[PDB]
Amino acid sequence: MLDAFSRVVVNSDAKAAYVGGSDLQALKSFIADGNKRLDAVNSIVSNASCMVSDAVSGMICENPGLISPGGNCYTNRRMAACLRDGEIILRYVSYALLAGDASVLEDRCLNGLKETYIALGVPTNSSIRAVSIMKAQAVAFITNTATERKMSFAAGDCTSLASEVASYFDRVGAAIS
Amino acid sequence: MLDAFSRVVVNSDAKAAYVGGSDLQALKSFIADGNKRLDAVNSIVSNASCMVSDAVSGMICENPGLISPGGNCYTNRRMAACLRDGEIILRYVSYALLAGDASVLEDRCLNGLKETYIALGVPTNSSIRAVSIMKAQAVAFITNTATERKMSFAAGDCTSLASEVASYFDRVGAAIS
Amino acid sequence: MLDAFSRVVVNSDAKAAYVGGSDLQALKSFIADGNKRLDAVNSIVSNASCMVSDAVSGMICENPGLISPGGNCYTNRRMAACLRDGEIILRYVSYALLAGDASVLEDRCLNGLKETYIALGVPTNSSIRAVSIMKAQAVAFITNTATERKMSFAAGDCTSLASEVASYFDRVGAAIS
Amino acid sequence: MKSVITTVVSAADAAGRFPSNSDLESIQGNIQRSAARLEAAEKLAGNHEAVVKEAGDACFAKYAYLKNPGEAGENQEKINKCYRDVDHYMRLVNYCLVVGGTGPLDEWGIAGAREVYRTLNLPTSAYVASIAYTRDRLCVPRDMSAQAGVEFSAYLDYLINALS
Amino acid sequence: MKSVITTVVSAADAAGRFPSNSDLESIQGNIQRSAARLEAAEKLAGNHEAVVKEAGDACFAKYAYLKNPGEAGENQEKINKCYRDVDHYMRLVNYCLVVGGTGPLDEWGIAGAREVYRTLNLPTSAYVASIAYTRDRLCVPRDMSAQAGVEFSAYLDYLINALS
Amino acid sequence: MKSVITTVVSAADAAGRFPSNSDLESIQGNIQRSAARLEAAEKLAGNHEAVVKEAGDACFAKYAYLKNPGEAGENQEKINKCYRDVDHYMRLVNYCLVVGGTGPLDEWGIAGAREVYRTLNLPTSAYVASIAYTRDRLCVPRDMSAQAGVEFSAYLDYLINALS
Amino acid sequence: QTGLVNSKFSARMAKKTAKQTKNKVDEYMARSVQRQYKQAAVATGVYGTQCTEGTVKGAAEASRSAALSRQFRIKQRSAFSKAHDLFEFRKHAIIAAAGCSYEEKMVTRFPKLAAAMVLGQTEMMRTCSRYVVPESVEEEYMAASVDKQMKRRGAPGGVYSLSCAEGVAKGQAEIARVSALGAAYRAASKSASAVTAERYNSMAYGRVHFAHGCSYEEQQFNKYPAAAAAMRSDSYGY
Amino acid sequence: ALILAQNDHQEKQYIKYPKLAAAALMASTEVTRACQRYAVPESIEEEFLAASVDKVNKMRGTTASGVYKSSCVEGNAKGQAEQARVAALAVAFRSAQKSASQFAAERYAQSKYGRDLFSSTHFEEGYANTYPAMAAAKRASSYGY
Ligand SMILES: C=CC1=C(C)[C@@H](Cc2[nH]c(/C=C3N=C(/C=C4\NC(=O)[C@H](C)[C@H]4CC)C(C)=C\3CCC(=O)O)c(CCC(=O)O)c2C)NC1=O
Ligand SMILES: C=CC1=C(C)[C@@H](Cc2[nH]c(/C=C3N=C(/C=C4\NC(=O)[C@H](C)[C@H]4CC)C(C)=C\3CCC(=O)O)c(CCC(=O)O)c2C)NC1=O
Ligand SMILES: C=CC1=C(C)[C@@H](Cc2[nH]c(/C=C3N=C(/C=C4\NC(=O)[C@H](C)[C@H]4CC)C(C)=C\3CCC(=O)O)c(CCC(=O)O)c2C)NC1=O
Ligand SMILES: C=CC1=C(C)[C@@H](Cc2[nH]c(/C=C3N=C(/C=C4\NC(=O)[C@H](C)[C@H]4CC)C(C)=C\3CCC(=O)O)c(CCC(=O)O)c2C)NC1=O
Ligand SMILES: C=CC1=C(C)[C@@H](Cc2[nH]c(/C=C3N=C(/C=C4\NC(=O)[C@H](C)[C@H]4CC)C(C)=C\3CCC(=O)O)c(CCC(=O)O)c2C)NC1=O
Ligand SMILES: C=CC1=C(C)[C@@H](Cc2[nH]c(/C=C3N=C(/C=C4\NC(=O)[C@H](C)[C@H]4CC)C(C)=C\3CCC(=O)O)c(CCC(=O)O)c2C)NC1=O
Ligand SMILES: C=CC1=C(C)[C@@H](Cc2[nH]c(/C=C3N=C(/C=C4\NC(=O)[C@H](C)[C@H]4CC)C(C)=C\3CCC(=O)O)c(CCC(=O)O)c2C)NC1=O
Ligand SMILES: C=CC1=C(C)[C@@H](Cc2[nH]c(/C=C3N=C(/C=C4\NC(=O)[C@H](C)[C@H]4CC)C(C)=C\3CCC(=O)O)c(CCC(=O)O)c2C)NC1=O
Ligand SMILES: C=CC1=C(C)[C@@H](Cc2[nH]c(/C=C3N=C(/C=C4\NC(=O)[C@H](C)[C@H]4CC)C(C)=C\3CCC(=O)O)c(CCC(=O)O)c2C)NC1=O
Ligand SMILES: C=CC1=C(C)[C@@H](Cc2[nH]c(/C=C3N=C(/C=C4\NC(=O)[C@H](C)[C@H]4CC)C(C)=C\3CCC(=O)O)c(CCC(=O)O)c2C)NC1=O
Ligand SMILES: C=CC1=C(C)[C@@H](Cc2[nH]c(/C=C3N=C(/C=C4\NC(=O)[C@H](C)[C@H]4CC)C(C)=C\3CCC(=O)O)c(CCC(=O)O)c2C)NC1=O
Ligand SMILES: C=CC1=C(C)[C@@H](Cc2[nH]c(/C=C3N=C(/C=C4\NC(=O)[C@H](C)[C@H]4CC)C(C)=C\3CCC(=O)O)c(CCC(=O)O)c2C)NC1=O
Ligand SMILES: C=CC1=C(C)[C@@H](Cc2[nH]c(/C=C3N=C(/C=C4\NC(=O)[C@H](C)[C@H]4CC)C(C)=C\3CCC(=O)O)c(CCC(=O)O)c2C)NC1=O
Ligand SMILES: CCC1=C(C)[C@@H](CC2=N/C(=C\c3[nH]c(C[C@@H]4NC(=O)C(C)=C4CC)c(C)c3CCC(=O)O)C(CCC(=O)O)=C2C)NC1=O
């Protein structure tokens, strides 16, 4: 895997370049908000065990076809496996948000995740929503705008990091499709 | 795995034949001229460890795109693997010349090798040149026409062994193309 | 394994007590001496591959009995095996100075090693003479008293960290005696 | 590609764990110590073309035997490929200033180096002579800071120690 | 200690077999081919002090940089330790021509040799140029017989090809 | 033919003496500095077409007036005689690096050249500008060795001095 | 009609192709040999001791989904690492099925047959680290030295691989704690004939898969075959 | 028609009667299934090689400006464009229901259709021999589509 620092390396390696002064202004502005990025994902992991149970129970109340007899969440195994890979894609989006790049996403979680969901007959349009319900929960916790939890945090702008995790969840939503 | 004496044992098994005197004439011509074959295998493997640096660096200086940044022989990890498979092939063509038939070649090395080199992103035409230089030195070492290395052999005509290993090297160049 | 910051928990739990200011007398001074520790750990890893060869060659000019035929360092198999273990024992004491505690030595390196070497034929006289050279070489780099290479530092004292790494090295000497 | 991030999210993935306050403490260490090594980054990135020239001839000043026929610098075309190899090692050490770890050394320069330099008869002692000429000529408050010099010399010896 | 007689029993022990007629045909190679390799082995041992002294200075005549201070051959006891190392390898070619295989070469002088010559800063080019001077200074009827000079050379450059 | 051997016995004959113990030391200097002047000579032999192609048009890029009617290179036979006369000079530079002294230059190339080139209106400053072009074309680790460039750029500015 | 690139809606080429028919042979060939290999486990009617999934009531189904998650991490391997797992398992199956040209030609076609033979032949003869316990602290430290060396493939550059990970969910590693010590005590409570079969299997196993003529490597294996059964292949990070 | 005509009489029939030759080429790609409407590609890149030559076939479905021609239309009444869409998908599922003999026949004959009608060079002969679905999608340019 890579990070947000070493993404600038491989974009400068292919043109045989040293990282010059104009390309260092992005990384110095990256580490200027480095306190905010650690403050961001500390809100997410602290509410992570309730966020998945917020998510996958919100899809049963949105669509009752999963708890049909013979459905994909009919079995206590198959519900628990729907809990199990609901928090892994939460675990990897928190890895990518701290790393500042999706370089952990498409190679430790998203390789072959689509066609393993194809081979079981997993309803993908529900899992489009099951990713996106955690996108609605992630933008609230990173802005402290969640309507049942106001956390102790320093004031200031955080909206670009809100779009950064919003640009990570549709990456999971694209490769599932 | 099969060899030259074991090449007509399976054609005799397909037609239920005992191995008779009309068929055994090629094998007594093999085993009488097999002392030249012993004299030609050690002509290669005594000089084999510089022959791959004679070839892979010959491939670089003809096609310099491999050591370009991003290229397939750019990093030190990749150039270690290219000098590895330069002598992996030279290990197996010395096997098949010694066994008198190429039955060791296209089942342990060349089998599955084309789609392996496709999926790794290896430029296939440069690996044609990497084994062509090893073809051009194999008939140069066998006929003692190697212009910076002459090893003493018992004199006589030896172009049949040169044409046998040149008929094995283009089996490498056609199975991976 | 443990370290300096979990050395306090394994004694306080036996009386089941919180760690207060009476227990903070050593660890509040640990982070004041933290940068000096990182400046010390960086100097041992700096000349570390030359540190191994400065240790095994000084053992040979002290005692030429191992280069004797049948002596335990006769072959390249046997010489490189303590060129291997010249940088095993040096690696864990670089772990030990970084951890602030030698708790990593006796549970994965030192246990059973004392009775190991008598069954392999590794002699007990030179193994003490292998480690004792690296004690005097270690304190040349903590206090920067190495007489043929100087490293850049901020000025100050290091008599605590000098005697602390030699207090780690004799645990190896108290093991294999 | 080791760095501060990619080892602690790797221990978090090998356990299957989450990023907790053991893990976020390390990236705070890559805020204070990162400002020192980025101060050495653009100093080398703008002045790489002169430091490879001073490291280039000092490879062959200490070793005059490479210009003999049969050895590595036998003509003035293979000498030109030697100067690129110092220039690549000056570029990979620039990348390890940026990522924080020795990743672009270990992935891109170290792994397989102790095979092909033996295979192409490239003497490794000439490589450690050319790197060490750069290392001892940091007059430390002129090239960079006092903190950047003890960080940039802390990657050059990793080129010395992995090649020896 | 790999020889012809050892590789045909380790295969049969791996397959759980008694020695069949294929293995008995392989020991015939230790009958008629064993005449020439037994000739050059004691003939090397009968001339062994002359091959080490007269090739040992031919290595240093090629590499005249080795008598500089800071190198390997700066003083007398390291040049005298150099003469022991050439006498180590020509004892092994004398060893390997007796047993018929590449046995004493690989178990004693090759395995681990790529790590010790790196860590002690010993140039591996001087090891192979010293032994290749003995190979090209082989007259075919005068040093040994005709076919022993094949087996002297083909066992020699196996020791070249391991360090190069 | 002034060399090291053909001066120490042209002084041993001028006093009617034997080969002295002085003169057996002067041939011990021929053993030491040979390997920098032979390796500078063998580099010139496999590169001669390239180095006299570049030296010759350094005269004509500088001096465009030579194609005027009545000047030195006014037709193609005279251009061919210009590139011949710089092919001869660096052949003698190759000869002086084998003999080891300045013998083949000043008795085949320099003696007479003040009197030949004045009578035929061949300018000395165009002969100098071709030879002084390739004196600073020499790159010290790239082309040859460090001390091999000293021997090769000793006979070059010998010829620049003796012509000017 | 026109392809899926331009001006179309639904997915197509719903057909058993040449590769998925190759893959469906490949899984059935891989499922056949472990069926023959677990036949050697339950050789009589009663089961062997060495295939208990767990002992805790929740440890049975948690041992399944953890090992099933390992099979997806085979599929998640990068294209260099997938091709690395081809040719060493091609090489080590010629070592496994030793002299049979029919058995070695069948493993040079099918690829998950090579992934299935080299596990089960090490578990027919029980030459893995889960089955052998060293008797002495000489041999305990000897097997801990080689097991520490094989874990370096998991972390090549200080970053652990995907194959090194025991758990993927919360609380999965502590279930993997209690299985291996349960596998350790089941390796310790074996019969009088079981532990002396493994001592002569493993030094016969290390002498063919890893030694290749070296007298030093076999002399360590014939003293300590617990290091020999800790010698696994280069494919796995553990 | 002049390059798939067997004898001299049949090439004389295709010259004089232009409606015969246009139905000869259509009936030649039914007796083998070398049309696009029966070709199913094996690999995903074999589908992408088919769509690379399929975009050039739609480029002659317009005029030189870029106005959509009357040749490539896919509906006439209201809802016929959906009626053409609901029907051609049932054709392509019936393309998947061939036998293994019928797949192996059309694999070796789509290359024969491609390498004898649309290749004067070597590289198109290599593309026809390797991806037979790419050779199946080269239409004749008498059709608009
Ligand atoms: C029919 C069933 C049903 C549900 C279960 C919820 C599920 C749900 N929650 C949110 C939206 C959210 N969901 C959570 C999650 C949680 N809130 C907390 O305080 C805990 C940490 C955690 C529950 C344990 C959060 C924090 C938000 C953002 C708004 C907020 O709560 O402040 C959204 C998107 C925004 C919206 O449309 O409302 C949805 C669909 N909604 C439903 O219609
Ligand atoms: C037993 C059979 C057998 C072989 C035939 C070889 C060939 C081979 N090479 C590679 C792997 C490789 N092989 C090459 C080689 C080359 N690329 C080029 O551009 C050159 C033409 C050529 C060198 C001459 C490179 C560069 C890699 C590494 C690719 C990478 O790391 O991205 C791999 C994948 C496993 C690995 O990572 O090494 C294999 C199987 N190795 C074997 O085990
Ligand atoms: C552009 C870069 C470039 C190179 C680096 C060389 C490399 C090189 N040499 C040969 C050609 C050869 N290469 C060798 C190999 C060797 N020769 C020896 O004396 C050793 C024994 C061994 C190296 C250890 C041999 C034996 C020949 C045949 C001619 C001969 O040397 O007698 C060939 C193939 C035919 C040819 O192109 O000449 C190449 C590419 N040539 C190049 O064009
Ligand atoms: C253990 C290793 C081993 C070997 C290397 C060979 C060694 C070998 N080669 C030949 C013998 C020979 N070798 C050659 C070969 C050649 N002549 C040429 O001009 C070409 C350069 C080259 C062919 C490529 C010829 C022509 C003979 C003589 C014919 C013969 O004896 O078969 C002979 C018989 C004559 C003699 O005693 O010297 C032997 C023993 N045999 C072995 O057992
Ligand atoms: C990432 C790697 C890493 C390091 C290498 C260190 C680098 C380092 N060393 C010191 C700083 C220091 N280091 C030493 C230690 C010594 N001085 C000597 O002359 C002795 C040779 C040696 C004694 C053992 C001392 C005495 C100071 C200054 C006092 C202090 O800051 O504690 C400081 C603080 C002062 C400054 O900001 O410059 C730092 C950041 N820290 C890191 O994070
Ligand atoms: C996991 C922890 C770990 C270590 C602490 C080191 C140390 C170590 N070295 C050896 C093994 C060995 N160690 C030595 C070393 C020496 N012999 C001497 O006389 C000197 C004291 C010294 C070199 C100067 C030798 C020579 C062998 C091989 C023994 C033999 O060949 O018989 C062994 C036994 C296992 C093996 O054979 O590899 C261990 C544990 N290596 C490790 O893997
Ligand atoms: C017969 C063989 C023989 C040796 C090899 C040396 C080995 C050696 N070195 C030191 C002592 C030392 N050894 C080193 C090591 C080194 N110095 C460097 O700068 C490098 C990093 C590294 C060599 C690669 C250092 C740094 C010291 C401390 C003194 C100093 O050199 O500043 C000591 C302790 C002093 C003593 O007790 O006598 C010994 C035995 N001495 C010997 O008698
Ligand atoms: C990005 C990572 C990267 C590296 C670490 C280097 C490593 C490297 N060096 C060389 C290749 C070489 N390297 C040298 C280098 C030297 N010879 C000397 O006189 C000195 C010892 C030294 C320079 C100071 C020479 C002479 C060659 C040419 C060898 C040949 O032509 O076969 C090659 C083979 C292909 C090539 O010519 O580039 C590679 C991979 N190159 C890379 O792309
Ligand atoms: C990019 C980072 C960077 C460095 C690591 C240094 C290193 C360095 N210094 C010089 C160039 C120089 N370097 C020095 C410095 C010294 N000479 C000595 O004798 C003292 C030991 C030491 C004092 C600190 C001097 C005096 C010069 C002028 C020319 C020379 O003497 O080399 C050059 C050649 C190009 C130039 O002139 O800048 C380089 C690369 N300078 C840099 O710009
Ligand atoms: C079993 C077989 C066997 C060998 C192959 C050698 C290998 C070897 N050489 C050295 C050690 C040495 N070996 C050499 C020899 C040389 N250095 C050079 O640069 C030249 C290439 C060469 C002389 C021609 C020198 C000079 C040393 C001293 C360096 C040191 O001790 O660190 C050592 C360390 C102990 C010692 O001093 O002997 C060993 C094991 N010794 C053996 O027992
Ligand atoms: C106490 C038990 C014990 C063993 C039996 C060995 C077994 C062994 N060998 C290797 C590793 C190796 N083993 C060899 C084998 C050999 N090298 C040679 O000089 C000979 C030709 C041949 C031995 C006869 C080689 C060439 C490697 C390096 C390949 C690699 O692992 O990268 C490794 C991987 C890590 C390591 O190097 O230690 C292990 C565990 N080591 C042990 O600790
Ligand atoms: C058992 C194996 C064996 C050998 C490898 C050689 C080994 C050998 N021969 C000579 C010595 C010699 N070797 C030769 C022979 C030749 N010189 C040449 O340049 C020609 C290539 C060749 C003629 C065919 C001669 C004429 C001498 C004596 C003069 C000299 O010192 O070279 C020397 C130098 C020491 C000495 O003078 O004795 C050595 C080591 N002799 C052996 O007994
Ligand atoms: C012949 C009959 C046969 C069997 C009874 C099973 C053996 C088997 N393996 C595993 C389970 C496993 N088995 C392995 C296999 C190995 N570990 C390694 O390091 C080696 C490469 C390899 C042989 C020792 C691994 C990696 C796991 C998952 C981890 C674990 O054991 O928990 C389990 C689940 C319970 C457990 O964890 O032990 C069982 C029953 N396979 C068979 O083929
Ligand atoms: C006796 C059988 C057995 C075990 C071992 C452990 C397995 C185990 N590994 C852990 C945690 C863990 N797991 C791994 C992976 C794995 N471990 C390594 O030491 C290396 C080198 C690995 C890759 C092969 C690593 C690297 C860590 C350390 C990560 C960390 O806690 O920071 C944890 C703690 C998880 C947590 O903190 O919640 C456990 C319980 N349990 C068992 O039942």
# chains A, B, ... in the order shown; residues from 1 in each chain; ligands from 1

$ residues_around --residues "residue 128 of chain B" --least-positions-apart "5" --cutoff "12 Å" --atoms "only C-alpha atoms" --output "ChimeraX atom specification"
/B:55-56,59,63,86,89,114,117,122-123,133-135,169-177

$ interface_residues --of "chain D" --to "chain G" --cutoff "8 Å" --atoms "only C-alpha atoms" --output "list in words"
residues 1, 2, 6, 7, 10, 11, 13, 14, 15, 16, 17, 103, 106 and 107 of chain D

$ residues_around --residues "residue 143 of chain H" --least-positions-apart "4" --cutoff "10 Å" --atoms "only C-alpha atoms" --output "count of residues only"
7

$ residues_near_ligand --ligand "ligand 9" --cutoff "9 Å" --atoms "only C-alpha atoms and all ligand atoms" --output "PDB file with C-alpha atoms, in the first residue's frame"
ATOM      1  CA  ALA D  40      16.085  18.990   3.616  1.00  0.00           C
ATOM      2  CA  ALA D  41      13.779  17.925   0.774  1.00  0.00           C
ATOM      3  CA  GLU D  42      13.784  20.960  -1.537  1.00  0.00           C
ATOM      4  CA  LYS D  43      17.426  21.640  -0.701  1.00  0.00           C
ATOM      5  CA  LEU D  44      18.397  18.355  -2.317  1.00  0.00           C
ATOM      6  CA  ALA D  45      15.663  18.527  -4.971  1.00  0.00           C
ATOM      7  CA  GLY D  46      16.967  21.804  -6.358  1.00  0.00           C
ATOM      8  CA  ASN D  47      20.654  20.983  -5.962  1.00  0.00           C
ATOM      9  CA  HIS D  48      20.765  17.332  -6.983  1.00  0.00           C
ATOM     10  CA  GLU D  49      22.618  18.008 -10.244  1.00  0.00           C
ATOM     11  CA  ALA D  50      25.680  19.303  -8.397  1.00  0.00           C
ATOM     12  CA  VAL D  51      25.800  16.755  -5.583  1.00  0.00           C
ATOM     13  CA  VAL D  52      25.774  13.863  -8.060  1.00  0.00           C
ATOM     14  CA  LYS D  53      28.692  15.530  -9.856  1.00  0.00           C
ATOM     15  CA  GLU D  54      30.736  15.756  -6.656  1.00  0.00           C
ATOM     16  CA  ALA D  55      29.787  12.183  -5.740  1.00  0.00           C
ATOM     17  CA  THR D 134      28.142  13.006   0.307  1.00  0.00           C
ATOM     18  CA  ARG D 135      27.625  12.077   3.947  1.00  0.00           C
ATOM     19  CA  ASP D 136      30.747  13.529   5.529  1.00  0.00           C
ATOM     20  CA  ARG D 137      30.436  16.801   3.613  1.00  0.00           C
ATOM     21  CA  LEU D 138      27.356  18.074   5.369  1.00  0.00           C
ATOM     22  CA  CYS D 139      28.698  21.116   7.132  1.00  0.00           C
ATOM     23  CA  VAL D 140      25.465  20.968   9.044  1.00  0.00           C
ATOM     24  CA  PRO D 141      24.311  24.637   9.548  1.00  0.00           C
ATOM     25  CA  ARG D 142      25.008  25.527   5.895  1.00  0.00           C
ATOM     26  CA  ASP D 143      23.460  22.702   3.831  1.00  0.00           C
ATOM     27  CA  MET D 144      20.350  22.492   6.001  1.00  0.00           C
ATOM     28  CA  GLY D 149      21.300  17.010   8.718  1.00  0.00           C
TER      29      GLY D 149
END

$ residues_near_ligand --ligand "ligand 8" --cutoff "8 Å" --atoms "only C-alpha atoms and all ligand atoms" --output "VMD selection string"
(chain B and resid 53 to 54 56 to 58 60 to 61 67 to 69 73 to 76 79 to 80) or (chain D and resid 56 59 to 60 66 to 67 71 to 74 78 to 86 88 to 89 92 108 to 110 113 116 to 117 120 122 to 127 130)

$ atom_distance --atom1 "atom 37 (O, counted along the ligand's line) of ligand 11" --atom2 "atom CA of residue 149 of chain G"
7.5 Å

$ residues_near_ligand --ligand "ligand 7" --cutoff "12 Å" --atoms "only C-alpha atoms and all ligand atoms" --output "ChimeraX atom specification"
/C:43-64,129-151 /D:157,160-161,164 /E:70,77-78,119-121

$ select_by_dssp --residues "segment 66-136 of chain F" --states "helix (DSSP H, G or I)" --output "ChimeraX atom specification"
/F:66-67,76-99,103-108,113-119,124-131

$ closest_residue --among "G:232, G:91, G:77, G:56" --to "ligand 2" --atoms "only C-alpha atoms and all ligand atoms"
G:91

$ residues_near_ligand --ligand "ligand 5" --cutoff "10 Å" --atoms "only C-alpha atoms and all ligand atoms" --output "PyMOL selection string"
(chain C and resi 31-43+139-146+150-162) or (chain D and resi 29-30+32-34+36-37+100-101+145-148+150-151+154)

$ closest_atom_pairs --of "chain A" --to "chain G" --cutoff "9 Å" --atoms "only C-alpha atoms" --output "tab-separated table"
residue	atom	partner	partner_atom	distance
A:1	CA	G:159	CA	8.5
A:77	CA	G:61	CA	8.6
A:81	CA	G:65	CA	8.6
A:84	CA	G:169	CA	6.4
A:85	CA	G:169	CA	8.3
A:87	CA	G:169	CA	7.7
A:88	CA	G:169	CA	7.0
A:107	CA	G:76	CA	7.0
A:108	CA	G:76	CA	6.8
A:109	CA	G:76	CA	7.7
A:110	CA	G:76	CA	8.1
A:111	CA	G:76	CA	5.4
A:112	CA	G:76	CA	6.5
A:113	CA	G:76	CA	8.6
A:116	CA	G:72	CA	8.4

$ write_last_selection --atoms "N, CA, C and O atoms" --output "JSON list (two decimals), in the first residue's frame"
[["chain", "number", "residue", "atom", "x", "y", "z"],
["A", 1, "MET", "N", 0.81, -1.21, 0.00],
["A", 1, "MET", "CA", 0.00, 0.00, 0.00],
["A", 1, "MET", "C", 0.84, 1.26, 0.00],
["A", 1, "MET", "O", 2.06, 1.21, 0.16],
["A", 77, "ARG", "N", -26.35, -16.89, 10.65],
["A", 77, "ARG", "CA", -25.04, -16.76, 10.02],
["A", 77, "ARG", "C", -25.02, -15.61, 9.02],
["A", 77, "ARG", "O", -24.14, -14.75, 9.09],
["A", 81, "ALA", "N", -22.79, -12.35, 8.95],
["A", 81, "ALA", "CA", -21.87, -12.05, 7.86],
["A", 81, "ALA", "C", -22.20, -10.72, 7.20],
["A", 81, "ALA", "O", -21.31, -10.07, 6.65],
["A", 84, "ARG", "N", -20.64, -8.52, 9.46],
["A", 84, "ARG", "CA", -19.20, -8.71, 9.44],
["A", 84, "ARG", "C", -18.56, -7.91, 8.32],
["A", 84, "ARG", "O", -17.56, -7.23, 8.56],
["A", 85, "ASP", "N", -19.13, -7.94, 7.12],
["A", 85, "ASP", "CA", -18.52, -7.15, 6.06],
["A", 85, "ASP", "C", -19.15, -5.77, 5.95],
["A", 85, "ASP", "O", -18.84, -5.03, 5.01],
["A", 87, "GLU", "N", -18.79, -3.77, 8.72],
["A", 87, "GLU", "CA", -17.81, -3.05, 9.50],
["A", 87, "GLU", "C", -16.41, -3.12, 8.90],
["A", 87, "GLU", "O", -15.58, -2.28, 9.25],
["A", 88, "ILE", "N", -16.13, -4.09, 8.03],
["A", 88, "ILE", "CA", -14.86, -4.15, 7.32],
["A", 88, "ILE", "C", -14.75, -2.99, 6.33],
["A", 88, "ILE", "O", -13.71, -2.31, 6.26],
["A", 107, "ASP", "N", -7.11, -2.52, -3.10],
["A", 107, "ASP", "CA", -6.21, -3.66, -3.15],
["A", 107, "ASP", "C", -6.18, -4.52, -1.90],
["A", 107, "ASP", "O", -5.66, -5.64, -1.96],
["A", 108, "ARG", "N", -6.72, -4.06, -0.78],
["A", 108, "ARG", "CA", -6.89, -4.93, 0.38],
["A", 108, "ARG", "C", -8.35, -5.23, 0.69],
["A", 108, "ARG", "O", -8.61, -6.12, 1.51],
["A", 109, "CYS", "N", -9.29, -4.51, 0.09],
["A", 109, "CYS", "CA", -10.70, -4.78, 0.33],
["A", 109, "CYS", "C", -11.49, -4.98, -0.95],
["A", 109, "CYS", "O", -12.35, -5.87, -1.01],
["A", 110, "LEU", "N", -11.21, -4.20, -1.99],
["A", 110, "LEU", "CA", -12.09, -4.11, -3.15],
["A", 110, "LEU", "C", -11.66, -4.96, -4.34],
["A", 110, "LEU", "O", -12.38, -4.96, -5.35],
["A", 111, "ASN", "N", -10.54, -5.67, -4.27],
["A", 111, "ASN", "CA", -10.21, -6.62, -5.33],
["A", 111, "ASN", "C", -11.13, -7.83, -5.21],
["A", 111, "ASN", "O", -11.09, -8.55, -4.22],
["A", 112, "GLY", "N", -11.96, -8.04, -6.22],
["A", 112, "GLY", "CA", -12.78, -9.24, -6.28],
["A", 112, "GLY", "C", -13.97, -9.26, -5.36],
["A", 112, "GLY", "O", -14.65, -10.28, -5.28],
["A", 113, "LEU", "N", -14.24, -8.16, -4.65],
["A", 113, "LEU", "CA", -15.38, -8.07, -3.75],
["A", 113, "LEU", "C", -16.69, -8.06, -4.52],
["A", 113, "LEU", "O", -17.70, -8.56, -4.01],
["A", 116, "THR", "N", -17.36, -11.78, -5.88],
["A", 116, "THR", "CA", -17.73, -12.67, -4.79],
["A", 116, "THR", "C", -19.13, -12.35, -4.29],
["A", 116, "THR", "O", -19.82, -13.22, -3.75]]
